[PDB]
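Colleague: Below is a structure I'd like to ask you about.
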Amino acid sequence: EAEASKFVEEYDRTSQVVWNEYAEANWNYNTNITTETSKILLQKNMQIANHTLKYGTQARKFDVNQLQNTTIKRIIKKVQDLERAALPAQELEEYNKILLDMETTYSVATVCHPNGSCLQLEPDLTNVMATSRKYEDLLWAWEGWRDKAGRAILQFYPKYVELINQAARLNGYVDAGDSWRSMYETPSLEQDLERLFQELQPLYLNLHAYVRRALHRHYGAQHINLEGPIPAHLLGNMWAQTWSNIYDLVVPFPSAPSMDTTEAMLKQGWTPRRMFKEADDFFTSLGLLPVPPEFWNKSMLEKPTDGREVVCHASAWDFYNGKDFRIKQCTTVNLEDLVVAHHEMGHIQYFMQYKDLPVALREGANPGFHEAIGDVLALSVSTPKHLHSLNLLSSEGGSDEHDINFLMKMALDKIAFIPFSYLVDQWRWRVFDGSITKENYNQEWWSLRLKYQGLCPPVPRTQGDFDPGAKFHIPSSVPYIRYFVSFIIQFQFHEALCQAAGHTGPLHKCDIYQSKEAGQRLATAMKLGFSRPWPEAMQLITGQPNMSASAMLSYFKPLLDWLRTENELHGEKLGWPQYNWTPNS
Ligand SMILES: *[C@@H]1O[C@H](CO)[C@@H](O[C@@H]2O[C@H](CO)[C@@H](O[C@@H]3O[C@H](CO[C@H]4O[C@H](CO)[C@@H](O)[C@H](O)[C@@H]4O)[C@@H](O)[C@H](O)[C@@H]3O)[C@H](O)[C@H]2NC(C)=O)[C@H](O)[C@H]1NC(C)=O
Ligand SMILES: *[C@@H]1O[C@H](CO)[C@@H](O[C@@H]2O[C@H](CO)[C@@H](O)[C@H](O)[C@H]2NC(C)=O)[C@H](O)[C@H]1NC(C)=O
Ligand SMILES: *[C@@H]1O[C@H](CO)[C@@H](O[C@@H]2O[C@H](CO)[C@@H](O)[C@H](O)[C@H]2NC(C)=O)[C@H](O)[C@H]1NC(C)=O
Ligand SMILES: *[C@@H]1O[C@H](CO)[C@@H](O)[C@H](O)[C@H]1NC(C)=O
Ligand SMILES: *[C@@H]1O[C@H](CO)[C@@H](O)[C@H](O)[C@H]1NC(C)=O
Ligand SMILES: [Cl-]
């Protein structure tokens, strides 16, 4: 066991250099797309391959079940996962071969009009989904993308499942479904997730029905059955996972602005650094670690002008060197990016306060936490109080409706995104379970689309199609249930901070600002990183060891009432018992 002690020491000492090297190129390329940087990156990819496999094979020689230093126990258990590397080289070779074929297929698939005009998934087709109100063109866009991109993925999916299942078993899991579900470190996950979902049903069903009514007056009864599920191609998003694009058709109250925050930010001279600077101020008032000085010289807060090409997905980066932390965002001076900024700083704040752990535990308490902390520090930003506190809005009449408008806009993503994020990983889990096969992939997908989102496809579909290929995270083999965890637990934290900050009354009016205790309440939680089962941190924050939806239901309580009330004014019937209806041709 003393050698096990030494082993973890060398692992850190070597791994820091390998990941920092990896990050150094990985950052350099994400900002500097120059082709040779990719070559440099790929060799570094070999090193992490060398490193991951070298120390992983050694890690499997220790028997963890006899160890009693708790830190080493979790460290070794993590490292023993060889993931792809447990596969035979031939199949590992075969596995990577398949991944790129899938990734390539999706990466170059496009929908072309009959004249040969070709539109790409982003931003081109996404603009269509967001902006068109033409039943015909939306259907064409949704149907087309699923026809060229979706159908083609059946060229690889079956063997892909078999292979990652083979890998998962060789890493000690029952199947790939077991492998991912294990990272929430809690065996009853699905049971917990199931209950969590049911507790949102009263809210979600009310919201669902109200959106349906909105669709009803724009698409008409010929395409909208007020008594059935909603056509899944109208939710304003290619996958209908986020419904915020239709807010204009769904807003409960016009006269929403007291001012245009975009125009306001311009008037006050807001700049990307100033925006992020305001975030640091909010973060500083919360007593968290101030950002390290090198950050302000190496982050990239604006679109570069030196002809470098950038991968513009905003995200946060840690170089595992206790000094280099960076944010990469094509920052536009508007309220949207202001939330993005606080979200990104949320990750950075999280990185800084677990910097004291060895690399092997430099992760969130669970995959959700890292993506959950990202929101909480941002939530207050868009509340009317905080929006006003920075004069982003001049004084407005104190209507609840403006609260309601904000809450719905929030719900139209926070809520709608829940069931979709649930369904994907359930569909995959049962496919990894072998309980679902290709012969009915499509039926299991849509059946879950019905049960969980209250959706049915716009037109009938038979085999030869494989609709799930239409969502990036599937062919890219990336899990989703973390996002579900993020959109639940973030409300527990918000309640906990508001409770600790002493705020009373409607929860959405709470503002963390300057709460010297509230910040420390999170701080002690964050420093645990990934060394502990997330229940310890969850308790340390909120006072409970389980995930609870109740915080969320209370947060949206006012919107529920107004939406629920609206259902009565229109007599809207909740649910979708009449499963089979679709828009008329
Ligand atoms: C994005 O990444 C690119 C790669 O890092 C950057 O391109 C580099 O930019 C420098 C100028 O800033 C170019 O300089 C030229 O280099 C060649 C070859 O230099 C190599 O050999 C000499 C010895 O002969 C050695 O001292 C160097 O360290 C290099 O190993 C010279 O012949 C030229 O006279 C000139 O100095 C690089 O060639 C160029 N490299 C690549 C791979 O493109 C680019 O600037 C980055 N963008 C930003 C904004 O930083
Ligand atoms: C379990 O093992 C870890 C790993 O070595 C121990 O971590 C050391 O903790 C001391 C202070 O307690 C530090 O000065 C060392 O630098 C740490 N070493 C490493 C490699 O992290 C930890 O102390 C042990 N904990 C228990 C409860 O036995
Ligand atoms: C291919 O044909 C389609 C259909 O006529 C064209 O799409 C139209 O594009 C114009 C602007 O270019 C829009 O105002 C129309 O609303 C579009 N119609 C539809 C049904 O989407 C497309 O531009 C043509 N492309 C080429 C290269 O000829
Ligand atoms: C790293 O992997 C490559 C794969 O071909 C191998 O040739 C090389 O020897 C490995 N490095 C070490 C130190 O074993
Ligand atoms: C950032 O770099 C510039 C030189 O490019 C220097 O003038 C400035 O002082 C640096 N600031 C920090 C905090 O390193
Ligand atoms: Cl995961």
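Letters A, B, ... go to the chains of the structure tokens in the order shown; residues in each chain start at 1; ligands are counted from 1 in the same order.
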Could I get the residues of chain A with an atom no further than 8 Å from an atom of ligand 5, each paired with its nearest atom pair and that distance in Å to one decimal, using only C-alpha atoms and all ligand atoms, sorted by chain and residue number, as a Markdown table?
Modeller:
| residue | atom | partner | partner_atom_place_in_ligand_line | distance |
| --- | --- | --- | --- | --- |
| A:293 | CA | ligand 5 | 13 (C) | 5.1 |
| A:294 | CA | ligand 5 | 13 (C) | 5.5 |
| A:295 | CA | ligand 5 | 13 (C) | 7.8 |
| A:296 | CA | ligand 5 | 13 (C) | 6.3 |
| A:297 | CA | ligand 5 | 1 (C) | 4.9 |
Colleague: Export, as a PDB file, in the first residue's frame, the selected residues with C-alpha atoms.
Modeller:
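This went into out_11.pdb:
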ATOM      1  CA  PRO A 293      -3.248  37.933 -13.044  1.00  0.00           C
ATOM      2  CA  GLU A 294      -2.120  35.866 -16.047  1.00  0.00           C
ATOM      3  CA  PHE A 295      -5.770  35.355 -17.032  1.00  0.00           C
ATOM      4  CA  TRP A 296      -6.171  38.940 -18.180  1.00  0.00           C
ATOM      5  CA  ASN A 297      -3.263  38.496 -20.606  1.00  0.00           C
TER       6      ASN A 297
END
Colleague: Would you list the contacts of stretch 209-214 of chain A as number ranges by chain, taking every protein, DNA or RNA residue within 12 Å and counting only C-alpha atoms, but skipping same-chain residues closer than 5 positions in sequence?
Modeller: A: 201-204, 219-221, 223-232, 234-236, 243-244, 246-252, 408, 411-412, 416, 453-455, 559-560, 562-576
Colleague: Print the selection's residues with C-alpha atoms to a file, as a CSV table (one decimal), in the first residue's frame.
Modeller:
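Listed below is the output, selection01.csv:
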chain,number,residue,atom,x,y,z
A,201,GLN,CA,-44.9,16.7,-14.7
A,202,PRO,CA,-47.6,19.1,-13.3
A,203,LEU,CA,-45.5,22.1,-14.4
A,204,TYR,CA,-44.3,20.7,-17.7
A,219,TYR,CA,-50.7,26.7,-37.4
A,220,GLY,CA,-54.4,26.2,-37.0
A,221,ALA,CA,-56.4,23.1,-36.1
A,223,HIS,CA,-52.0,21.1,-37.9
A,224,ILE,CA,-52.6,21.5,-34.2
A,225,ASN,CA,-54.8,19.2,-32.2
A,226,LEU,CA,-55.6,20.9,-28.9
A,227,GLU,CA,-56.2,17.4,-27.5
A,228,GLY,CA,-53.0,15.6,-28.6
A,229,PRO,CA,-49.2,15.8,-28.5
A,230,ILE,CA,-47.4,18.6,-30.3
A,231,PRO,CA,-45.7,18.2,-33.7
A,232,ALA,CA,-42.0,17.9,-32.8
A,234,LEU,CA,-42.3,23.3,-34.6
A,235,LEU,CA,-40.4,23.8,-31.3
A,236,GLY,CA,-38.1,26.2,-33.0
A,243,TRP,CA,-37.9,26.0,-27.1
A,244,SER,CA,-36.6,29.5,-26.5
A,246,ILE,CA,-40.6,30.6,-30.0
A,247,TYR,CA,-40.8,32.9,-27.1
A,248,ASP,CA,-42.3,35.6,-29.3
A,249,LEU,CA,-45.3,33.3,-30.1
A,250,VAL,CA,-45.6,32.4,-26.4
A,251,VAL,CA,-44.9,35.6,-24.4
A,252,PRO,CA,-47.6,36.0,-21.7
A,408,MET,CA,-41.0,31.9,-18.7
A,411,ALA,CA,-38.5,28.0,-18.2
A,412,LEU,CA,-38.6,27.8,-22.0
A,416,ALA,CA,-38.1,22.2,-22.0
A,453,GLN,CA,-41.7,15.2,-24.3
A,454,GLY,CA,-45.3,14.7,-25.5
A,455,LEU,CA,-44.2,14.7,-29.1
A,559,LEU,CA,-45.3,30.9,-13.4
A,560,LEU,CA,-47.1,27.6,-12.7
A,562,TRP,CA,-50.3,31.9,-14.1
A,563,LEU,CA,-49.9,29.2,-16.7
A,564,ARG,CA,-52.2,26.9,-14.9
A,565,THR,CA,-54.7,29.7,-14.7
A,566,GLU,CA,-54.4,30.4,-18.4
A,567,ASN,CA,-55.3,26.8,-19.1
A,568,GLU,CA,-58.7,27.5,-17.4
A,569,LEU,CA,-59.3,30.7,-19.3
A,570,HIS,CA,-58.9,28.7,-22.5
A,571,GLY,CA,-60.2,25.5,-20.9
A,572,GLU,CA,-57.0,23.8,-22.1
A,573,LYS,CA,-56.9,20.0,-21.3
A,574,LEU,CA,-53.5,18.8,-20.0
A,575,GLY,CA,-51.8,15.7,-21.3
A,576,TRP,CA,-51.8,13.6,-24.5
Colleague: With only C-alpha atoms and all ligand atoms counted, collect every polymer residue having an atom within 10 Å of ligand 1; state the result as a PyMOL selection string.
Modeller: chain A and resi 25+28-29+31-40+304-309
Colleague: I'd like to know which residues of stretch 312-402 of chain A are strand (DSSP E) (by DSSP, run on the backbone); could you write them as a PyMOL selection string?
Modeller: chain A and resi 315-318+325-328
Colleague: Nearest residue to residue A:429 out of A:417, A:530, A:320, A:480, using only C-alpha atoms?
Modeller: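 Among the listed residues, the smallest separation from residue A:429 belongs to A:480.
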Colleague: Using only C-alpha atoms and all ligand atoms, tabulate the residues of chain A lying at most 8 Å from any atom of ligand 6, each with its closest atom pair and that distance in Å to one decimal, by chain and increasing residue number, as CSV.
Modeller:
residue,atom,partner,partner_atom_place_in_ligand_line,distance
A:180,CA,ligand 6,1 (Cl),5.0
A:181,CA,ligand 6,1 (Cl),6.6
A:182,CA,ligand 6,1 (Cl),8.0
A:183,CA,ligand 6,1 (Cl),5.7
A:184,CA,ligand 6,1 (Cl),7.1
A:367,CA,ligand 6,1 (Cl),5.8
A:479,CA,ligand 6,1 (Cl),5.4
A:480,CA,ligand 6,1 (Cl),7.0
A:481,CA,ligand 6,1 (Cl),6.7
A:482,CA,ligand 6,1 (Cl),5.8
Colleague: Write out as JSON lines a residue-level contact list of chain A versus ligand 2 with cut-off 7 Å: for each qualifying residue the closest pair of atoms and the distance in Å to one decimal, counting only C-alpha atoms and all ligand atoms, rows sorted by chain and residue number upward.
Modeller:
{"residue": "A:5", "atom": "CA", "partner": "ligand 2", "partner_atom_place_in_ligand_line": "5 (O)", "distance": 5.6}
{"residue": "A:8", "atom": "CA", "partner": "ligand 2", "partner_atom_place_in_ligand_line": "20 (C)", "distance": 6.1}
{"residue": "A:9", "atom": "CA", "partner": "ligand 2", "partner_atom_place_in_ligand_line": "20 (C)", "distance": 4.7}
{"residue": "A:69", "atom": "CA", "partner": "ligand 2", "partner_atom_place_in_ligand_line": "28 (O)", "distance": 4.7}
{"residue": "A:70", "atom": "CA", "partner": "ligand 2", "partner_atom_place_in_ligand_line": "1 (C)", "distance": 6.4}
{"residue": "A:71", "atom": "CA", "partner": "ligand 2", "partner_atom_place_in_ligand_line": "1 (C)", "distance": 5.2}
{"residue": "A:72", "atom": "CA", "partner": "ligand 2", "partner_atom_place_in_ligand_line": "2 (O)", "distance": 5.6}
{"residue": "A:358", "atom": "CA", "partner": "ligand 2", "partner_atom_place_in_ligand_line": "21 (O)", "distance": 6.4}
Colleague: Atoms to include: N, CA, C and O atoms. Write the selected residues as an mmCIF file, in the first residue's frame.
Modeller:
data_model
loop_
_atom_site.group_PDB
_atom_site.id
_atom_site.type_symbol
_atom_site.label_atom_id
_atom_site.label_comp_id
_atom_site.auth_asym_id
_atom_site.auth_seq_id
_atom_site.Cartn_x
_atom_site.Cartn_y
_atom_site.Cartn_z
ATOM 1 N N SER A 5 0.804 4.477 -2.366
ATOM 2 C CA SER A 5 1.000 5.874 -2.026
ATOM 3 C C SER A 5 1.968 6.521 -3.001
ATOM 4 O O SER A 5 1.672 7.569 -3.583
ATOM 5 N N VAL A 8 0.538 7.173 -6.652
ATOM 6 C CA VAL A 8 -0.275 8.359 -6.874
ATOM 7 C C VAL A 8 0.606 9.588 -6.976
ATOM 8 O O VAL A 8 0.292 10.527 -7.715
ATOM 9 N N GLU A 9 1.719 9.611 -6.245
ATOM 10 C CA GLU A 9 2.622 10.750 -6.344
ATOM 11 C C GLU A 9 3.182 10.874 -7.753
ATOM 12 O O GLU A 9 3.064 11.928 -8.388
ATOM 13 N N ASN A 69 -6.873 4.238 2.691
ATOM 14 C CA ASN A 69 -6.768 5.674 2.434
ATOM 15 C C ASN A 69 -7.836 6.026 1.407
ATOM 16 O O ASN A 69 -7.755 5.605 0.250
ATOM 17 N N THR A 70 -8.829 6.816 1.814
ATOM 18 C CA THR A 70 -9.976 7.045 0.940
ATOM 19 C C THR A 70 -9.584 7.801 -0.320
ATOM 20 O O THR A 70 -10.117 7.531 -1.401
ATOM 21 N N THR A 71 -8.648 8.739 -0.213
ATOM 22 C CA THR A 71 -8.247 9.489 -1.395
ATOM 23 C C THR A 71 -7.644 8.562 -2.441
ATOM 24 O O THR A 71 -8.072 8.554 -3.600
ATOM 25 N N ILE A 72 -6.672 7.741 -2.039
ATOM 26 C CA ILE A 72 -6.045 6.832 -2.992
ATOM 27 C C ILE A 72 -7.084 5.900 -3.589
ATOM 28 O O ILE A 72 -7.024 5.555 -4.775
ATOM 29 N N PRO A 358 -4.814 16.888 -6.309
ATOM 30 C CA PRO A 358 -4.048 16.326 -7.419
ATOM 31 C C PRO A 358 -4.912 16.262 -8.663
ATOM 32 O O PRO A 358 -6.142 16.211 -8.591
#
Colleague: From the list A:102, A:373, A:410, A:523, which residue is nearest residue A:473 when using only C-alpha atoms?
Modeller: A:102
